[PDB]
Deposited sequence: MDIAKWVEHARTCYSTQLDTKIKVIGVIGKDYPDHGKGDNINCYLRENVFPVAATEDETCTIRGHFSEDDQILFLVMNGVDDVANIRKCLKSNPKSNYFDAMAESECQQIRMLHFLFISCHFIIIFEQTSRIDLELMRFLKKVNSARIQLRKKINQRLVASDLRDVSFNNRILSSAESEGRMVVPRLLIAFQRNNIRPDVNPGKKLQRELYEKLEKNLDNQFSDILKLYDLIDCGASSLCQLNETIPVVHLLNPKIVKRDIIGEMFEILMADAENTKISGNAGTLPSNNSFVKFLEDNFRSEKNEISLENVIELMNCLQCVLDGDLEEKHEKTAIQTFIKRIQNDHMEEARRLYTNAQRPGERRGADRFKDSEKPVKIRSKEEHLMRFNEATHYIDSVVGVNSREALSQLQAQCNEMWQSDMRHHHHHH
């Protein structure tokens, strides 16, 4: 269920368990044929809660399910990699382009990862390739960056909603470590497939990569943290995995009530809605596109620089038609309007 809709009715659906102490668990994964993101977690619940593949209505949303027996609120992210999201983005308007189409879902995946990494006791990454996904790492680095510039505004909303003095667990955090967040989540990763030598190796890699992107061992600037001794990496078989999660979950006594978690999901909707962001922010690729086209246009105007106005006007068009990939039709129309203007004066 979409977390935005989950809040509106959660107060009454669990009216009897508003004082129950729970954990919030985030889930990062990709859909595959006959295997959805949360197939291992719904298998932990022994109840097929999450789908094999997210439908169009479920794309770019956090899907929440509260297990009453386990006292856990699971958060599964429907990200940019879902087949239904790529279909939706590239079909909404073919008069746009690939970059501006995917960009919007990319931003929402940053917002939703930001949502999880400030509100989950643990986050588990499911990966099937056997190599650590660096595209995810690059995403988390952009998440951590956005977090640092919106922590001050988000912290104001934790104060306004009356959650800032609510403990998330037994750990204490300084004002700088806790600004804008409710916890520094403990990150786990499960890989789908002498077994002990491979886990220790991937544990070293995992930590090394996380350090290399400045995601751990950075004090208040860290995005997450890793256990000190309890396993962080797990190798799923082609129940060992239940023990992997229980050793993690049972290392922390439940503290925060479901009532405060509900208010927290309500409070943090401004993160998903982007109400605290500066209007009109573009991704790195969009700014790259816009910069090279601004240069391509500035150079094409350099070429045009009396009777042979069509002569010098046409050579510029041949340039813009040679180098501009996206918005080429609008680029050609815009320049020749510029050339005809100069061709009058």
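Compare what was deposited with what's modelled and send me the C-alpha-less stretches, numbered from 1. According to the record, the gaps fall at 194-209, 255-288, 356-380, 421-429.
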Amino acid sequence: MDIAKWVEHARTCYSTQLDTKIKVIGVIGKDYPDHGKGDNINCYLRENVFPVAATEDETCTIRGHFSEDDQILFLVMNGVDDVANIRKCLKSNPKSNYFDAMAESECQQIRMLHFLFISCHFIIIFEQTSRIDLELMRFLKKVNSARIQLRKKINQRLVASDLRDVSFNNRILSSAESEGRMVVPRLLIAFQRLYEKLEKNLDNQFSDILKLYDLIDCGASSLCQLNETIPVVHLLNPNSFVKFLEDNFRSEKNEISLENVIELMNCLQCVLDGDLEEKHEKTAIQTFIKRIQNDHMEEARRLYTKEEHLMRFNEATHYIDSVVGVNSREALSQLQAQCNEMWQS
From here on, numbers count along this sequence of modelled residues.
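Stretch with the higher entry mean CA B-factor, where the candidates are 94-102 and 182-190: If you average the C-alpha B-factors of 94-102 and of 182-190, the larger mean comes out for 94-102.
Could you settle it for me: does 112-120 or 158-166 have the higher average Cα B factor in the PDB entry? Between 112-120 and 158-166, it is 158-166.
Going by the CA temperature factor in the entry, name the top one among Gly219, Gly79, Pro238, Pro231. Largest recorded C-alpha B-factor: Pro238.
From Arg63, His296, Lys37, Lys306, pick the one with the largest CA B-factor in the entry? Checking the PDB record, the top C-alpha B-factor among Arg63, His296, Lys37, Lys306 is at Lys306.
What third of its chain's C-alpha B-factors does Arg291 belong to: lowest, middle or highest? Tercile = middle for this residue's CA B-factor.
Sorting the chain's modelled residues by C-alpha B-factor, tell me whether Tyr195 ends up in the lowest, middle or highest third. Ranked within chain, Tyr195 CA B lands in the highest tercile.
Using the B-factors in the PDB entry, rank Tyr32's C-alpha atom against the chain and give the third, lowest, middle or highest. CA B-factor rank for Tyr32: lowest third.
Taking the chain's C-alpha temperature factors as the reference, tell me which third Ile285 falls into: lowest, middle or highest. Within its chain, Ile285 is a lowest-third residue by C-alpha B-factor, going by the deposited values.
State the tercile, meaning the lowest, middle or highest third, of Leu332 with respect to the CA B-factors recorded for its chain. Highest third.
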